[PDB]
Amino acid sequence: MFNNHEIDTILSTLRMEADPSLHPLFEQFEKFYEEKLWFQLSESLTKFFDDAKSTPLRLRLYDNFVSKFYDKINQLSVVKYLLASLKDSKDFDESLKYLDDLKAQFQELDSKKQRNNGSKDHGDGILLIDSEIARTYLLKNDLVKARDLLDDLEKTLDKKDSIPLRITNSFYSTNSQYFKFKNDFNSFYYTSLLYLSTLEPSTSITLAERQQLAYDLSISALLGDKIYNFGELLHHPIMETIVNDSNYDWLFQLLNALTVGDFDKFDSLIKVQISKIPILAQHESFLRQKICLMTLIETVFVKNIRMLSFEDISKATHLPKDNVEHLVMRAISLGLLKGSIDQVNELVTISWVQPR
């Protein structure tokens, strides 16, 4: 019987420990547990979880109450109740052992349970709790183990298992916890290309989420110190979603000009949108380089060039003969060609080009 046993003890104690405001809600909690209605009990417990009021009660609740029926209820509902109470502790190692032990219980409590059709379904609960262990690691549990686990989990973002988008999006937070566009934008653009590979029709995302992903990828390319090929980005189907909002149409036309060497359109957007935005202003002198670099690379590719002259490069860049070689020396430094400058003759011996 629940009377004179753990459950009566828990209801009694937690009602005393609780704020008076919580008392009427816990009548439904008591009832639905006694009725064996774990799901209605979870709605009642979710209505408690929805408020910061008395959050620590949920730790005892998890340990001594939810643990009796967590096999039936949704894995993320279960971990959310523990998460709020264990986050209140401001600790990053008990949280590790708790999420690992909880996850491992579900790894043995289930084999064909909570599945779409008693099938080899996605582990669309503990796959995200695995990310929560990783976030907890990256939250300075131990930096060496965290960095090693980050590298191993990055090597696990592949079709080695039937990973859904949600685990990758969850681990993408853990990558963002370690590296950002502020550290390097070319890297963050390539990190964003990972997320594109996982994008498919999923409840996780919308057309608006695609618009935000396209826009953030666009900033990452624009400000990418070593990116040059904006064309493959600008043509990619994900960049069609933003054409159905166009709030940033000026960015995509600045990008378009920067994809074709249209100095006049470039200058016209540069005269306005740079001044309005400090992040873009910090890169203005890179963008004017990027247009010159790409204009020449297109010229080299389309005209299959092997020899060019500083005066003709000066036409194609609007940089004076006295400095124009430093521009193509940046291109050589980007590694997108194997040519060499012949400064003695004010010539260049161009060789090869990276198309993408």
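Residues numbered from 1 in each chain as written, not as in the entry; some residues may be left out. Heavy atoms only, no water.

- In its metadata, the entry names solution NMR as the structure determination method.

**Considering the sheet that holds strand β1 (residues 308-309)**
Two orientations exist for strands paired in a sheet by backbone hydrogen bonds: parallel and antiparallel.
So, step 1. Taken together, 3 strands build an open sheet; the order of strands is β1-β3-β2 and the sheet is antiparallel. Where the open sheet ends on each side, the last strands, each with one partner, are β1 and β2 (340-342). (Pairing = 2+ DSSP bridges. Helix = DSSP H or I, 4+ residues; strand = E, 2+ residues; numbered from the N terminus.)

**A look at the packing of helix α13 (residues 249-260) against helix α16 (residues 284-302)**
So, step 1. For the pair α13 and α16, the least separation of the axes is 7 Å and the interaxial angle reads 40°. The orientation of α13 with respect to α16, classified from their angle, is oblique. Within the contact between the two elements, α13 uses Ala 257, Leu 258, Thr 259 and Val 260 and α16 uses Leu 287, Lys 290, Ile 291, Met 294 and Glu 298.
So, step 2. The class makeup of the residues in the contact of α13 with α16 is 6 nonpolar, 1 polar and 2 charged. (Axes fitted to C-alpha atoms, helices over the stretch in contact; angles between N-to-C directions. Parallel < 35°, antiparallel > 145°, perpendicular 65-115°, else oblique. Contact = heavy atoms within 4.5 Å. Nonpolar A, V, L, I, M, F, W, Y, C, P; charged D, E, K, R; others polar.)

**As for the packing of aromatic side chains**
So, step 1. This model, assessed by the stated rule, comprises 18 aromatic pairs.
So, step 2. The interplanar angle of 50° and the centroid separation of 4.6 Å between the aromatic rings of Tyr 33 and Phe 65 together place this pair among those described as tilted. Here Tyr 33 is found in helix α2 (residues 25-34), whereas its partner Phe 65 is found in the loop between α4 (57-64) and α5 (75-87), with 32 residues between them in sequence.
So, step 3. Residue class for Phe 65 comes out buried when judged on its relative accessible area of 0%.
So, step 4. Note on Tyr 172 and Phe 188: the rings are 6.2 Å apart at their centroids and 75° apart in plane angle, and the pair reads as edge-to-face. In this pair, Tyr 172 sits in helix α9 (residues 165-176) while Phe 188 sits in helix α10 (residues 185-198), placing the two residues 16 residues apart along the sequence. Of the two residues, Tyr 172 and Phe 188, neither departs from the other in class, the shared state being buried.
So, step 5. Aromatic rings pair up to connect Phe 2, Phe 26, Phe 29, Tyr 33, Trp 38, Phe 48, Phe 65 and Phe 69 into one cluster.
So, step 6. The ring centre of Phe 48 lies 3.9 Å from the NZ or CZ of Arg 58, which sits over that ring. (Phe/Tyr/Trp six-rings, centres within 6.5 Å; stacked < 30°, edge-to-face > 60°. Buried < 20%, exposed > 50% of the residue type's maximum accessible area, 1.4 Å probe, protein only. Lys NZ or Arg CZ within 6 Å of the ring centre and 35° of its normal.)

**Considering the nonpolar core**
So, step 1. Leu 222 and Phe 266 are the most contacted members of the largest nonpolar core, which has 53 residues in total.
So, step 2. Of all the secondary structure elements, the ones that give two or more residues to this core are α10, α11 (207-222), α13, α14 (263-276), α16, α17 (310-315) and α18 (324-334).
So, step 3. Ranked by residues supplied to this core, first place goes to α16 with 9 residues.
So, step 4. The contacts of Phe 266, once residues within four sequence positions are left out, are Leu 254, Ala 257, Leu 258, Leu 287, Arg 288 and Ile 291.
So, step 5. If you look at the next biggest cluster of nonpolar residues, it comprises 48 residues, including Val 79, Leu 83, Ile 133 and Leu 150. (Core = buried A, V, L, I, M, F, W, Y, C linked by side-chain atoms within 4.5 Å.)

**Looking at unusual backbone geometry**
So, step 1. Non-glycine residue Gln 114 carries a positive phi angle of around 50°.
So, step 2. The topology assignment puts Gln 114 in the loop between α6 (94-109) and α7 (126-138).
So, step 3. Accessibility expressed as a relative area gives 39% for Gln 114, which makes it partly exposed.
So, step 4. The phi dihedral of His 318 falls on the positive side, at around 65°, and the residue is not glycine.
So, step 5. As for its placement among the helices and strands, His 318 is situated in the loop between α17 and α18.
So, step 6. What makes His 318 exposed here is its relative accessible area of 57%.

**Some details on the environment of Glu 154**
So, step 1. Take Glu 154: it is sitting in helix α8 (residues 143-154).
So, step 2. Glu 154 gets classed as partly exposed once you look at its relative accessible area, which sits at 46%.
So, step 3. Taking the C-alpha atoms as reference, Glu 154 lies 43 Å from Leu 308; in sequence the two are 154 residues apart.
So, step 4. Among residues more than four places away in sequence, those in contact with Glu 154 are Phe 171 and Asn 175.

**Concerning the environment of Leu 41**
So, step 1. Looking at where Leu 41 falls in the secondary structure, it is placed in helix α3 (residues 38-49).
So, step 2. Taking the C-alpha atoms as reference points, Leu 41 and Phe 29, 12 residues apart in sequence, are found 5.1 Å from one another.
So, step 3. Ignoring sequence-local partners within four residues, the contact set of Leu 41 consists of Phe 29, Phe 32, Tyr 33, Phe 65 and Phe 69.

**Remarks on the UniProt feature "domain: PCI" in the protein chain**
So, step 1. The sites that carry the UniProt feature "domain: PCI" are, in the present numbering, residues 187-355.
So, step 2. Segment residues 187-355 splits into 59% helix and 5% strand. End C-alpha atoms: 19 Å apart. (UniProt positions renumbered as here; feature names shortened; annotations may be inferred.)

**What about α10?**
So, step 1. When the terminal C-alpha atoms of α10 are compared, their 20 Å separation across 14 residues agrees well with the 20 Å that a helix rising 1.5 Å per residue should span.
So, step 2. Among the residues of α10, those classed as buried are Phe 185, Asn 186, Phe 188, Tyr 189, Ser 192, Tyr 195, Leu 196 and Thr 198.
So, step 3. In the core, the buried residues of α10 are packed alongside α9, α11, α12 (231-235) and α15 (278-282).
So, step 4. Where α10 starts, the residue carrying a side-chain oxygen 2.8 Å from the main-chain nitrogen of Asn 186 turns out to be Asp 184. (Expected span 1.5 Å × (residues − 1). Polar contact = N/O pair within 3.5 Å; in protein donor to acceptor, adjacent residues only side chain to side chain.)

**Considering the side chain of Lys 103**
So, step 1. On the secondary structure map, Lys 103 appears in helix α6.
So, step 2. No salt bridge is formed by the buried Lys 103. Its closest oppositely charged neighbour is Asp 130, at 4.1 Å.
So, step 3. Once residues within four sequence positions are removed from consideration, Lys 103 is found in contact with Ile 126, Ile 129, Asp 130 and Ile 133. (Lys, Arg positive; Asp, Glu negative; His and termini not counted. Salt bridge = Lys/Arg side-chain N within 4 Å of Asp/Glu carboxyl O.)

**A short note on the pattern of salt bridges**
So, step 1. Scanning the entire structure with this criterion turns up 18 salt bridges.
So, step 2. One salt bridge connects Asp 71 with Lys 113, and the closest N-O pair in it is separated by 2.8 Å. Of this pair, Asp 71 sits in the loop between α4 and α5 while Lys 113 sits in the loop between α6 and α7, and the two are 42 residues apart along the sequence.
So, step 3. Its relative accessible area of 14% is what places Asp 71 among the buried residues.
So, step 4. Put simply, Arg 288 and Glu 284 hold a salt bridge, and the shortest N to O gap is 2.8 Å. One end of the pair is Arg 288 and the other is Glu 284, both in helix α16 and 4 residues apart, which spans about a single turn.

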